[PDB]
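Below is one structure, written out as structure tokens, with a few remarks after it.
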Amino acid sequence: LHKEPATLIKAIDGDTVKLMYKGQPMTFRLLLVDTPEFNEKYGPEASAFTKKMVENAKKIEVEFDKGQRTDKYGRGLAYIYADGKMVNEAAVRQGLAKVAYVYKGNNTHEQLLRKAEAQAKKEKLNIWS
Ligand SMILES: Cc1cn([C@H]2C[C@H](OP(=O)(O)O)[C@@H](COP(=O)(O)O)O2)c(=O)[nH]c1=O
Ligand SMILES: [Ca+2]
């Protein structure tokens, strides 16, 4: 896989962000994770986490997997990096996202994320508390 440039347009919630990608605004949904909705438990904390990560970043990058690049709602499906750190992984490592939506052939980073979830679970963090 390869990293491509993007710039933040706006934080949305724990697992969606609006970015400019190839000069066009698009909403990106984070591959392989699920954060609580804002109205749910840890929803606000997940939103805040992702928002701080993407807003504080000097460099945002998107990385498409091998398969489908847009979902049925038109959202970009990608791994999102903030100054080199994967947002998807980081949210799972903090116990603010579960590994989820693991579809065949867009699952390159599944094992990396499951390892983070295991460590989050062990620490009894947030969702796992
Ligand atoms: C993360 C991801 C979500 N989706 C679709 C599945 C779910 O469909 P449904 O809307 O029918 O439940 C939805 C969940 O996204 P959200 O967790 O953002 O609601 O997005 C994909 O199709 N591919 C993906 O990789
Ligand atoms: Ca969600």
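Identifiers in this document derive from the order of the structure tokens: chains are assigned A, B, ..., residues are numbered from 1 separately in each chain, and ligands are numbered from 1 in order of occurrence.
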
Neighbour list for residue 110 (chain A) as number ranges by chain, cut-off 12 Å, only C-alpha atoms, skip fewer than 3 positions in-chain | A: 31-33, 65, 79, 88-89, 92, 98-107, 113-117

Take the selection from the previous step and output its residues with C-alpha atoms, as a tab-separated table (two decimals), in the first residue's frame.
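What ended up in selection.tsv:
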```
chain	number	residue	atom	x	y	z
A	31	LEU	CA	-11.12	1.12	7.48
A	32	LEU	CA	-11.45	-1.77	9.94
A	33	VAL	CA	-12.85	0.12	12.89
A	65	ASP	CA	-6.27	-0.75	0.69
A	79	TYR	CA	-6.29	4.19	6.60
A	88	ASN	CA	-7.32	3.85	12.86
A	89	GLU	CA	-4.71	1.98	14.92
A	92	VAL	CA	-8.27	1.03	18.65
A	98	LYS	CA	-13.41	-1.76	18.08
A	99	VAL	CA	-11.98	-3.68	15.20
A	100	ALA	CA	-14.99	-4.14	12.85
A	101	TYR	CA	-16.17	-4.23	9.28
A	102	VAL	CA	-13.40	-6.53	8.19
A	103	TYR	CA	-14.21	-7.27	4.56
A	104	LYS	CA	-12.19	-9.60	2.32
A	105	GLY	CA	-9.50	-7.76	0.35
A	106	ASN	CA	-9.67	-4.48	2.26
A	107	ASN	CA	-8.04	-6.02	5.27
A	113	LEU	CA	-5.26	-3.49	14.59
A	114	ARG	CA	-6.31	-6.67	16.40
A	115	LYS	CA	-3.00	-6.54	18.26
A	116	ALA	CA	-3.80	-2.98	19.40
A	117	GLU	CA	-7.29	-4.01	20.48
```

Might you pull out every residue within 10 Å of residue 69 (chain A), with only C-alpha atoms counted and same-chain residues fewer than 5 positions away left off, and present them as a ChimeraX atom specification?
-> /A:28,31,63-64,74-78,106

Quick one: which chain A residues come within 6 Å of ligand 2, and what is the nearest atom pair for each with the distance in Å to one decimal, counting only C-alpha atoms and all ligand atoms, rows ordered by chain and ascending number, as JSON lines?
```
{"residue": "A:34", "atom": "CA", "partner": "ligand 2", "partner_atom_place_in_ligand_line": "1 (Ca)", "distance": 4.7}
{"residue": "A:35", "atom": "CA", "partner": "ligand 2", "partner_atom_place_in_ligand_line": "1 (Ca)", "distance": 4.5}
{"residue": "A:36", "atom": "CA", "partner": "ligand 2", "partner_atom_place_in_ligand_line": "1 (Ca)", "distance": 5.2}
{"residue": "A:37", "atom": "CA", "partner": "ligand 2", "partner_atom_place_in_ligand_line": "1 (Ca)", "distance": 5.3}
```

Can you work out which one of A:4, A:15, A:83, A:123 has the shortest atom-to-atom distance to residue 43 (chain A), counting only C-alpha atoms?
->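 The shortest atom-to-atom distance to residue 43 (chain A) comes from A:15.
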
Please identify all polymer residues within 12 Å of residue 129 (chain A), counting only C-alpha atoms, omitting same-chain residues fewer than 2 positions from it, and present them as a list in words.
->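 Final neighbour list, sorted by chain and number: residues 41, 42, 94, 95, 96, 120, 121, 122, 123, 124, 125, 126 and 127 of chain A.
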
Take the selection from the previous step and output its residues with N, CA, C and O atoms, as a CSV table (one decimal), in the first residue's frame.
```
chain,number,residue,atom,x,y,z
A,41,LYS,N,-22.3,5.9,24.5
A,41,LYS,CA,-21.2,5.9,25.4
A,41,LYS,C,-19.8,5.8,24.7
A,41,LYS,O,-19.6,5.0,23.8
A,42,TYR,N,-18.9,6.7,25.2
A,42,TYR,CA,-17.6,6.9,24.6
A,42,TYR,C,-17.6,7.6,23.2
A,42,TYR,O,-16.5,7.9,22.7
A,94,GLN,N,-6.4,3.0,22.0
A,94,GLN,CA,-7.0,3.7,23.2
A,94,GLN,C,-8.3,3.1,23.7
A,94,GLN,O,-8.9,3.7,24.6
A,95,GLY,N,-8.8,2.0,23.1
A,95,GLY,CA,-10.1,1.5,23.5
A,95,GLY,C,-11.3,2.5,23.2
A,95,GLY,O,-12.3,2.4,23.8
A,96,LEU,N,-11.1,3.2,22.1
A,96,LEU,CA,-12.2,4.2,21.7
A,96,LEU,C,-12.8,3.7,20.4
A,96,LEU,O,-13.8,4.3,19.9
A,120,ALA,N,-5.4,-2.8,24.3
A,120,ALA,CA,-6.4,-2.0,24.9
A,120,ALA,C,-7.3,-2.8,25.9
A,120,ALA,O,-7.7,-2.3,26.9
A,121,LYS,N,-7.7,-4.0,25.4
A,121,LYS,CA,-8.6,-4.9,26.3
A,121,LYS,C,-7.8,-5.2,27.6
A,121,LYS,O,-8.5,-5.2,28.6
A,122,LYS,N,-6.6,-5.5,27.4
A,122,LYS,CA,-5.8,-5.9,28.6
A,122,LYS,C,-5.7,-4.8,29.6
A,122,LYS,O,-5.7,-5.1,30.9
A,123,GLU,N,-5.5,-3.6,29.2
A,123,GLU,CA,-5.5,-2.4,30.0
A,123,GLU,C,-6.8,-2.0,30.5
A,123,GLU,O,-6.9,-1.0,31.3
A,124,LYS,N,-7.9,-2.7,30.1
A,124,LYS,CA,-9.2,-2.3,30.4
A,124,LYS,C,-9.6,-0.8,30.1
A,124,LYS,O,-10.1,-0.1,30.9
A,125,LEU,N,-9.2,-0.4,28.9
A,125,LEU,CA,-9.3,1.0,28.5
A,125,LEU,C,-10.7,1.4,28.0
A,125,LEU,O,-11.1,0.7,27.0
A,126,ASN,N,-11.3,2.4,28.5
A,126,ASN,CA,-12.5,3.0,27.9
A,126,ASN,C,-13.6,2.1,27.6
A,126,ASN,O,-14.3,1.6,28.6
A,127,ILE,N,-13.8,1.7,26.4
A,127,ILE,CA,-14.8,0.7,26.0
A,127,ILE,C,-14.7,-0.6,26.7
A,127,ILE,O,-15.7,-1.3,27.0
```

Nearest to ligand 1 by atom-to-atom distance, counting only C-alpha atoms and all ligand atoms, from A:3, A:29, A:85, A:58 |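 Nearest to ligand 1: A:29.
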
As a count of residues only, please: all residues of region 16-107 of chain A that backbone DSSP puts in strand (DSSP E or B).
-> 31

Write out as a PyMOL selection string the residues lying within 12 Å of residue 52 (chain A), counting only C-alpha atoms and excluding same-chain residues fewer than 4 positions away.
-> chain A and resi 8+10-14+17+45-48+56-58+82+87+90-91

Can I get the selection written as a short mmCIF file (atom, residue, chain, number, x, y, z; two decimals), in the first residue's frame, with C-alpha atoms?
```
data_model
loop_
_atom_site.label_atom_id
_atom_site.label_comp_id
_atom_site.auth_asym_id
_atom_site.auth_seq_id
_atom_site.Cartn_x
_atom_site.Cartn_y
_atom_site.Cartn_z
CA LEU A 8 -8.01 18.31 6.72
CA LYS A 10 -13.15 19.15 9.13
CA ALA A 11 -13.34 16.63 11.92
CA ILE A 12 -16.64 14.75 11.97
CA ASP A 13 -16.63 11.97 14.55
CA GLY A 14 -14.48 9.10 15.89
CA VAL A 17 -13.28 12.90 8.76
CA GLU A 45 -14.49 10.80 23.71
CA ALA A 46 -13.89 9.03 20.40
CA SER A 47 -14.85 12.14 18.42
CA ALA A 48 -12.52 14.25 20.55
CA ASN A 56 -2.87 18.81 15.42
CA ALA A 57 -1.25 17.01 12.48
CA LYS A 58 1.12 18.92 10.22
CA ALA A 82 -1.47 11.96 11.17
CA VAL A 87 -5.46 7.15 13.28
CA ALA A 90 -4.46 4.70 17.56
CA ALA A 91 -8.21 4.86 18.22
#
```

Selection near residue 84 (chain A), 9 Å with only C-alpha atoms, sequence-local residues under 6 positions removed, as a ChimeraX atom specification | /A:59-61

Extract the full set of helix (DSSP H, G or I) residues from region 48-127 of chain A according to DSSP on the backbone, and format it as a ChimeraX atom specification.
-> /A:48-56,87-93,110-122,126-127

Near residue 20 (chain A), within 7 Å and counting only C-alpha atoms, which residues show up once chain neighbours fewer than 6 positions away are dropped, as a PyMOL selection string?
-> chain A and resi 6-9+26

Nearest to ligand 1 by atom-to-atom distance, counting only C-alpha atoms and all ligand atoms, from A:119, A:81, A:24, A:71 |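 Using only C-alpha atoms and all ligand atoms, the shortest distance to ligand 1 belongs to A:71.
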
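From CA of residue 16 (chain A) back to CA of residue 50 (chain A), the distance works out to 8.6 Å.
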